[PDB]
Amino acid sequence: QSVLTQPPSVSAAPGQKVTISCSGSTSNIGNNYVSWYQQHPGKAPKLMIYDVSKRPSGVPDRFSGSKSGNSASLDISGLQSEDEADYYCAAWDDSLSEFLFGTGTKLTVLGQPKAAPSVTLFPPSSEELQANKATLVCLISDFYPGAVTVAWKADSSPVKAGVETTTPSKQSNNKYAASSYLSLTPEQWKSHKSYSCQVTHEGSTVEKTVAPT
Amino acid sequence: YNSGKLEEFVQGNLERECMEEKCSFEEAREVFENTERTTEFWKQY
Amino acid sequence: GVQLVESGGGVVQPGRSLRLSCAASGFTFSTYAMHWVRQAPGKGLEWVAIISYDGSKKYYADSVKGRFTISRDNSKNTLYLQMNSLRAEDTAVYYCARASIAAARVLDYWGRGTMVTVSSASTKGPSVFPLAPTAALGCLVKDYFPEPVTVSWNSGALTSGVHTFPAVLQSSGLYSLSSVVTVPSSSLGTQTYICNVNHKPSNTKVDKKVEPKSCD
Ligand SMILES: [Ca+2]
Ligand SMILES: [Ca+2]
Ligand SMILES: [Ca+2]
Ligand SMILES: [Ca+2]
Ligand SMILES: [Ca+2]
Ligand SMILES: [Ca+2]
């Protein structure tokens, strides 16, 4: 299952404090210790906190942990640039008899103004349709905390099948861009009234829509 | 004592299993990789 | 110091088999339990298996139950992950991890993983489609194989307002990516926009003219 819910993104200025929540259930958090792992882009994950609040030797005192009910929290004060990374909580699950990792949270140490994404959705081109295929391309650009959540809809219904999304990465102006693809059959494309790309960023959702017509 | 999670994958330890916790004979034999040594130990325990 | 290095990663056809190796050093390998964790492209961490310090017991994630086998050679200080009946969902970076000396629930040391791509694909050039239209316009570069695909616009004369996205490994087992440029809408129809795609692995270069949408 892997449930263990985490906010996809958290951020604060260098020197400020942040807190990352890990929401689980009785089968895991409720009855088992939680450990926290730090992961930089292309490096090996690192143990930051274990048994809820224990710090391995080497880990800065500014990292601390807590637990309450079926939730756990990673608190980081005095943020430093090297803290920017992905964080994952982890706990054993008595019911599933499996070790679960939270959904992951991107912690960004703010170095520029937050900026809302611009979203461009391209319908399948005539050429691709003539090749008997169809791809909707959703390009997301100029957003700052580099973390977005993308959702697709066929008409008004959610669609999670045939979707591929890229991890945000730096564009020339140092802001972030990402892309998402929705693979359909020319039939599906032609049959629906319309399709939509919804991008959620910092407490907001920008939705673009295109239609076969 | 066996909490019944993943602690039986970790190497046995006398201090934390039989002194910090109450252990079974098999739990102790898991430490003394010798049966007779375990029995001896148990005469005290 | 505690070092862990994973080996054996590479491309493999679905339904095939592959064995990963994890060389450990800097500690008494025999007294510690070990884990295997994987991470699909752009996804979160996923636990795979655990094996007792002596090799006796082991658990598995339902996702690999029956297909993967975890083992170790305490005389060679090596950990193994025998993967069989591989699938597309097994495509990911596989990590080797050590369990704390007194708590298997804690993974105190990890190694840099090893990439495992499960695909039936062979070298293949890209099919390039236009993304017709300040206005955003671009090229969809899909269904190519080895990953180095490069993109430039108007032979490299166009750079400002250009961004080429990382590739995605689609279901088909082939890669796809897009490249976009933002231009003055007033230049459409008179200024020609061409994306130059270079795919050295197949010795293929494709130039595609991106024209204003005429039917919309
Ligand atoms: Ca115990
Ligand atoms: Ca025990
Ligand atoms: Ca034991
Ligand atoms: Ca003690
Ligand atoms: Ca035993
Ligand atoms: Ca036992």
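Residues numbered from 1 in each chain as written, not as in the entry; some residues may be left out. Chains lettered and ligands numbered in written order. Heavy atoms only, no water. Residues with missing side-chain atoms left out of burial classes, pairs and counts.

1. Notes on the overall build of chain A
Part 1 of the argument: Looking only at helices and strands, chain A features 2 helices and 18 strands.
Part 2 of the argument: Principal-axis analysis of the C-alpha atoms gives chain A an extent of 60 × 45 × 30 Å.
Part 3 of the argument: By the burial criterion, 46% of the 213 residues in chain A qualify as buried.
Part 4 of the argument: When the accessible surface of chain A is split by element, carbon and sulfur atoms take 48% of a total near 9300 Å².
Part 5 of the argument: Charge separation in chain A, taken as the distance between the mean sites of 17 positive and 18 negative side-chain charges, equals 5 Å. (Helix = DSSP H or I, 4+ residues; strand = E, 2+ residues; numbered from the N terminus. Buried < 20%, exposed > 50% of the residue type's maximum accessible area, 1.4 Å probe, protein only. Areas by Shrake-Rupley, 256 points an atom, 1.4 Å probe, with all protein chains shown as cover. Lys, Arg positive; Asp, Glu negative; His and termini not counted. Charge placed at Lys NZ, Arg CZ, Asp CG, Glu CD.)

2. Overview of the overall build of chain C
Part 1 of the argument: Along its length, chain C carries 0 helices and 19 strands.
Part 2 of the argument: Taken over the C-alpha trace, chain C has a radius of gyration of 23 Å; the compact-globule value for 216 residues is 17 Å, which it surpasses by more than 25%.
Part 3 of the argument: By principal-axis analysis of the C-alpha atoms, chain C measures approximately 75 × 35 × 30 Å.
Part 4 of the argument: Put simply, chain C has 216 residues, and 50% of those count as buried.
Part 5 of the argument: Counting only carbon and sulfur atoms, one obtains 46% of the accessible surface of chain C, whose full area is about 9400 Å².
Part 6 of the argument: Each charge sign in chain C was given a centre, from 21 positive and 13 negative side chains, and these centres are 4 Å apart. (Rg over C-alpha atoms; globule rule 2.2 N^0.38 Å.)

3. Some points on the domain arrangement of chain C
Residues and elements named next belong to chain C.
Part 1 of the argument: Split by domain assignment, chain C resolves into domain 1 (1-120) and domain 2 (121-213).
Part 2 of the argument: The C-alpha centroid of domain 2 is placed 37 Å from the C-alpha centroid of domain 1.
Part 3 of the argument: The partner domain 2 presents 6 residues to the 5 residues of domain 1 that form the contact.
Part 4 of the argument: In this assembly, domain 1 packs against domain 2 so that about 380 Å² is buried in total across both faces, 56% of it on carbon and sulfur atoms.
Part 5 of the argument: If you sort the residues of domain 1 by the area they bury against domain 2, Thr117, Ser119 and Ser120 come out on top, with a joint share of 72%.
Part 6 of the argument: Run the count over domain 1 and domain 2 and you get 0 salt bridges. (Domains from an automatic or database assignment. Contact = heavy atoms within 4.5 Å. Buried area = accessible area lost by both parts, 1.4 Å probe. Salt bridge = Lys/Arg side-chain N within 4 Å of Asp/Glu carboxyl O.)

4. Quick word on the sheet that holds strand β1 (residues 3-7) of chain C
Residues and elements named next belong to chain C.
Part 1 of the argument: Pairing is antiparallel across the open sheet formed by 4 strands, whose spatial order is β1-β3-β8-β7. The strands lining the two open edges of the sheet, one partner per strand, are β1 and β7 (68-73). Across this sheet, the average inter-strand angle for adjacent strands is 15°, counted without regard to direction.
Part 2 of the argument: As defined by bridge partners, strand β3 (residues 18-25) adjoins strand β8 (residues 78-83) across 6 bridges and the pair is classed as antiparallel. Directly across from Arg19, in β8, lies its bridge partner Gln82. (Pairing = 2+ DSSP bridges. Axes fitted to C-alpha atoms, helices over the stretch in contact; angles between N-to-C directions.)

5. Overview of the environment of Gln11 of chain B
Residues and elements named next belong to chain B.
Part 1 of the argument: Relative to the helices and strands, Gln11 is located in the segment before α1 (14-19).
Part 2 of the argument: Taking the relative accessible area as the measure of exposure, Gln11 reaches 28% and is therefore partly exposed.
Part 3 of the argument: For the pair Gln11 and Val31, spaced 20 residues apart in the sequence, the C-alpha separation amounts to 8.0 Å.

6. Thoughts on the sheet that holds strand β14 (residues 150-153) of chain C
All names here are of chain C.
Part 1 of the argument: If you walk across this open sheet you meet the 3 strands as β14-β18-β19, and the pairing is antiparallel. Strand pairing shows two members of the sheet lacking a second neighbour, β14 and β19 (204-209), which therefore form its edges. In this sheet, adjacent strand axes meet at a mean angle of 20° when their direction is disregarded.
Part 2 of the argument: In the sheet, strand β18 (residues 194-199) pairs with β19 via 6 bridges, with the strands oriented antiparallel.

7. Concerning the interface of chain C and chain A
The accessible area lost on association of the parts is a frequent measure of interface size.
Part 1 of the argument: Contact residues are listed per partner, giving 43 residues for chain C and 42 residues for chain A.
Part 2 of the argument: For the pair chain C and chain A, the summed buried surface comes to about 3400 Å²; carbon and sulfur atoms form 61% of the total.
Part 3 of the argument: Here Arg105 of chain C makes a salt bridge to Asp51 of chain A, at a shortest N to O gap of 3.0 Å.
Part 4 of the argument: Across the chain C-chain A interface, the total number found is 9 residue pairs in polar contact.
Part 5 of the argument: Looking at the side of chain C that touches chain A residue by residue, the classes come out as 25 nonpolar, 7 polar and 11 charged. (Polar contact = N/O pair within 3.5 Å; in protein donor to acceptor, adjacent residues only side chain to side chain. Nonpolar A, V, L, I, M, F, W, Y, C, P; charged D, E, K, R; others polar.)

8. What about unusual backbone geometry?
Part 1 of the argument: A positive phi is found at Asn174 of chain A, a non-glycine position, where the angle reads about 65°.
Part 2 of the argument: The phi dihedral of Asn154 of chain C is positive, around 45°, even though this residue is not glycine.
Part 3 of the argument: Relative to the helices and strands, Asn154 of chain C resides in the loop between β14 and β15 (162-164).

9. Regarding the pairing of strand β18 (residues 205-210) of chain A
Residues and elements named next belong to chain A.
Part 1 of the argument: The pairing of strand β17 (residues 195-200) with β18 spans 6 bridges and is antiparallel. Bridged to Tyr195 within β18 is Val210.
Part 2 of the argument: In this structure, the hairpin formed by β17 and β18 is closed by a connection of 4 residues, where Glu202 is found at a positive phi of approximately 40°.

10. Regarding the nonpolar core
A general feature of soluble globular proteins is that nonpolar side chains tend to end up buried together.
Part 1 of the argument: Formed by 27 residues in total, the largest nonpolar core has its most connected members in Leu20, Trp36, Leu79, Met83, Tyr94 and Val116 of chain C.
Part 2 of the argument: If you list the elements that add at least two residues to this core, you get β3, β4 (34-39), β5 (45-51), β7, β8, β9 (92-100) and β11 (114-118) of chain C.
Part 3 of the argument: Counting residues per element, this core draws most heavily on β3 of chain C, at 4 residues.
Part 4 of the argument: Leaving out residues up to four positions away in the same chain, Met83 of chain C has contacts with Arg16, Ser17, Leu18, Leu20, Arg67, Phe68, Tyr94 and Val116 of chain C.
Part 5 of the argument: Membership of the second largest hydrophobic core comes to 25 residues, among which are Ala44 and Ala90 of chain A together with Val37 and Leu45 of chain C. (Core = buried A, V, L, I, M, F, W, Y, C linked by side-chain atoms within 4.5 Å.)

11. Some thoughts on the pairing of strand β16 (residues 176-184) of chain A
Residues and elements named next belong to chain A.
Part 1 of the argument: The element β16 is extensively covered by neighbouring structure, given that 8 of its 9 residues are classed as buried.
Part 2 of the argument: Pairing geometry for strand β11 (residues 134-143) and β16, over 8 bridges, is antiparallel. In the sheet register, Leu139 faces β16, and the bridge partner there is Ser179.
Part 3 of the argument: Across 3 bridges, the pairing between strand β14 (residues 163-165) and β16 is antiparallel. Opposite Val163, over in β16, you have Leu182 as the bridge partner.
Part 4 of the argument: The pairing of strand β15 (residues 169-170) with β16 spans 2 bridges and is classified as antiparallel. Bridging across to β16, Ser169 finds its partner in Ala177.
Part 5 of the argument: In textbook terms, the turn of a hairpin is the stretch between consecutive antiparallel strands, and for β15 and β16 this stretch comprises 5 residues, one of which, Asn174, has a positive phi near 65°.

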